[PDB]
Amino acid sequence: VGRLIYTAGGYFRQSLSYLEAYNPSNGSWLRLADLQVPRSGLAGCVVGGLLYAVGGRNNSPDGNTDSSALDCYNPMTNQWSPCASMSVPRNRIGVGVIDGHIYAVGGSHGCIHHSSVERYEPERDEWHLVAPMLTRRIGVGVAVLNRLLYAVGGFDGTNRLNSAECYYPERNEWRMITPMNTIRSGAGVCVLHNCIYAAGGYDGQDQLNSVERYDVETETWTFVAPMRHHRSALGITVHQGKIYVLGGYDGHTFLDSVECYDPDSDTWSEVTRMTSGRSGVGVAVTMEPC
Ligand SMILES: O=C(O)CCc1ccc(Cl)cc1
């Protein structure tokens, strides 16, 4: 975990540069140093207490630019630093961290929907391609459990997907897993205990409030309680054994709603509001700044 839930970037009217941190302990939000470049459809992750913002797209009134950028935020300094860029731009990207390396998964570059996957090594400041997924996936949910990487749902250029697959690093190989019971593009995907959770998303017709989880031992998906708000392009993270979902789009409003899931009571509750409604944020947890 760490201490704060950091939300970076996102979309409302145009791509956003906001970096804001929420403190579950007191309900407070802090506005921190803006991203150097606005971006929506990015992912966040943490390695060695540093926050990384990965990929996305700058949707601006002066043009639209898919991002291959990797940028690093140090809470100690309140400063963003550029890292090596990825091989390709990846809007609507998913990311997972294994053994202190960042896996960038899928995403789009204009009409190109990637199946490619690449791995960042912070000691080297270097990206390297690994085996591609079996499926092109943008708006892909990514989680890590037991040092295996999961790519869940998304959009292949033609169809939104219920499919999911797993990457075995020591084999450099992807294999399909049991598909979800729901087609989901732009779901929030995370791990809690022995399960991969997929919350919300878009099925090609409707934004979803439903939530399902994959037990790696049983290889089956089970629905849990739905969120209070239907949402796609949400941010998701885990903080002290609870899932937090941030923002997204319900087909009417860019949501400021933050919901929290308690696995013991199988209930969602409203915990806070983001300072403004937005979709396509990057979210991760690390220590409080300065
Ligand atoms: O299925 C689609 O068209 C993609 C929907 C989508 C939009 C934004 C994000 Cl961040 C993810 C997915």
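Values reported hereafter were calculated over all heavy atoms of this structure, with side chains retained and with hydrogens, waters and symmetry mates removed. Both counts, for ligands and for their atoms, begin at 1 and track the order of listing. Positions are given from 1, in the same order as the sequence printed here.
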(message) Within ligand 1, which atoms have a heavy atom of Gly186 less than 4.0 Å away?
(response) 11 (C), 12 (C)
(request) Enter the distance from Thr253:OG1 to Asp250:CG here, rounded to the nearest 0.5 Å. (result) 4.5 Å
(request) State, without any angle test, whether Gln36 and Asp71 hold a side-chain donor-acceptor pair at a distance under 3.5 Å. (result) no
(message) Could you identify the single nearest non-hydrogen protein atom to atom 10 (Cl) of ligand 1 and state the distance to 0.1 Å?
(response) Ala233 CB, 3.7 Å
(message) For atom 8 (C) of ligand 1, what's the nearest protein heavy-atom neighbour? Residue, atom name and distance, please.
(response) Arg92 NE, 3.4 Å
(message) At less than 4.0 angstrom from any non-hydrogen atom of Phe155, what atoms of ligand 1 do you find?
(response) 1 (O)
(message) Looking only at the side chains, is there a donor atom on one of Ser257 and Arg231 sitting less than 3.5 Å from an acceptor on the other?
(response) yes
(request) Please confirm whether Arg160 comes within less than 3.5 Å of ligand 1 when only nitrogen or oxygen atoms on both sides are compared. (result) yes
(message) Show me which atoms of ligand 1 lie under 4.0 Å from any heavy atom of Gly139.
(response) 11 (C), 12 (C)
(message) What protein heavy atom lies closest to atom 1 (O) of ligand 1? Include the residue and the distance to one decimal.
(response) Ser185 OG, 2.7 Å
(request) Go through the side-chain N and O atoms of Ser116 and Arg90 and say whether any donor and acceptor fall under 3.5 Å apart. (result) yes
(request) Measure from NZ or CZ of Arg160 to the centre of the six-membered ring of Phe155, then state whether that distance is under 6.0 Å and the direction lies within 45° of the axis. (result) yes
(message) Please tell me whether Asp215 and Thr222 have a donor and an acceptor in their side chains that are separated by less than 3.5 angstrom.
(response) no
